[PDB]
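Per this note's numbering, the sequence shown starts with residue 1, numbered consecutively. Note that CB positions come from ideal geometry on N, CA and C, so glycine has one too.
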Amino acid sequence: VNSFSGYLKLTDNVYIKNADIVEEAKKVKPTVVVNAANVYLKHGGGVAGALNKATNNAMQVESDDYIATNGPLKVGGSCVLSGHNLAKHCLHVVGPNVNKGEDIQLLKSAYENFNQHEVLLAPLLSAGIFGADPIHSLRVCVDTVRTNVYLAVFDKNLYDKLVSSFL
Ligand SMILES: CC(C)Oc1ccc(C(=O)Nc2ncnc3[nH]ccc23)c(Br)c1F
Numbered sequence: 001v002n003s004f005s006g007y008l009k010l011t012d013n014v015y016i017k018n019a020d021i022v023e024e025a026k027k028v029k030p031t032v033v034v035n036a037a038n039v040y041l042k043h044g045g046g047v048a049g050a051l052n053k054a055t056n057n058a059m060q061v062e063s064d065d066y067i068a069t070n071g072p073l074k075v076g077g078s079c080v081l082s083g084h085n086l087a088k089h090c091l092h093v094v095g096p097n098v099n100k101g102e103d104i105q106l107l108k109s110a111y112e113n114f115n116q117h118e119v120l121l122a123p124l125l126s127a128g129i130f131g132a133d134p135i136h137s138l139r140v141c142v143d144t145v146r147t148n149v150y151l152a153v154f155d156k157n158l159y160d161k162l163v164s165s166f167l
């Protein structure tokens, strides 16, 4: 039993809700919140900008030190950093950004990072400003993640479309 509330169950392990991931993280304080990161951990907009804003820019400060030490992530890769006031940990995961021409096949690799964590609060990878089809992202999520994932979808219209079209 966990503290996530109001989710629709899609499969044995995947759950979905129309919610602002920032507000959901603040309420649940999950062990792991997933960020929709880029390889430079520049949290300017989208989910990343919102999460970073909620940490009062502490996420960005920590991220800049991470990059200075380690260099950029790989597309499809991830790193574990602090969750600040939102979660114990933040798993920064880089899905391919279609608006940069990146290979959509890397979306499966990106979701594989979730399997290293028993339970996660997450957005749909490569959705929103990353330019992929969120219906496809949900399909890859369900077919790749085996651990327990609670998906927050900000847009109510998109949420209803994802549910109603789910196979
Ligand atoms: C073309 C348009 C429909 O694309 C999208 C628009 C918005 C979302 C969305 O709800 N994003 C979020 N989800 C959870 N927390 C969040 N905090 C801040 C944003 C946010 C998504 Br997934 C989209 F794909």
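Considering only DSSP beta bridges, list what residue i is partnered with.
| i | result |
| --- | --- |
| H89 | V32, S82 |
| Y150 | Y15, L121 |
Is DSSP giving residue i helix, strand or coil here?
| i | result |
| --- | --- |
| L138 | helix |
| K9 | strand |
| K53 | helix |
| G77 | coil |
| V61 | helix |
| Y66 | helix |
| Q116 | helix |
| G46 | helix |
Taking residue i as the reference, give the member of the options with the closest Cα.
| i | options | result |
| --- | --- | --- |
| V98 | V142, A37, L86, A127 | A127 |
| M59 | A36, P72, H84 | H84 |
| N2 | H89, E118, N18, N113 | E118 |
| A36 | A68, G101, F114, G71 | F114 |
| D64 | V39, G45, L107 | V39 |
| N157 | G6, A19, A110, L10 | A19 |
| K42 | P30, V94, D143, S109 | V94 |
| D160 | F4, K74, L10 | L10 |
| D143 | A132, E112, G77, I129 | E112 |
Kindly give me the distance between the Cβ atoms of residue i and residue j, rounded to whole angstroms, as I take these residues to be in contact under 8 Å.
| i | j | result |
| --- | --- | --- |
| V149 | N13 | 7 Å |
| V47 | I21 | 6 Å |
| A152 | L121 | 6 Å |
| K88 | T31 | 5 Å |
| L86 | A50 | Not confirmed; about 10 Å, so no contact. |
Beta carbon of residue i: closer than 7 Å to some heavy atom of ligand 1?
| i | result |
| --- | --- |
| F154 | yes |
| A122 | no |
| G44 | no |
| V149 | no |
| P134 | yes |
| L158 | yes |
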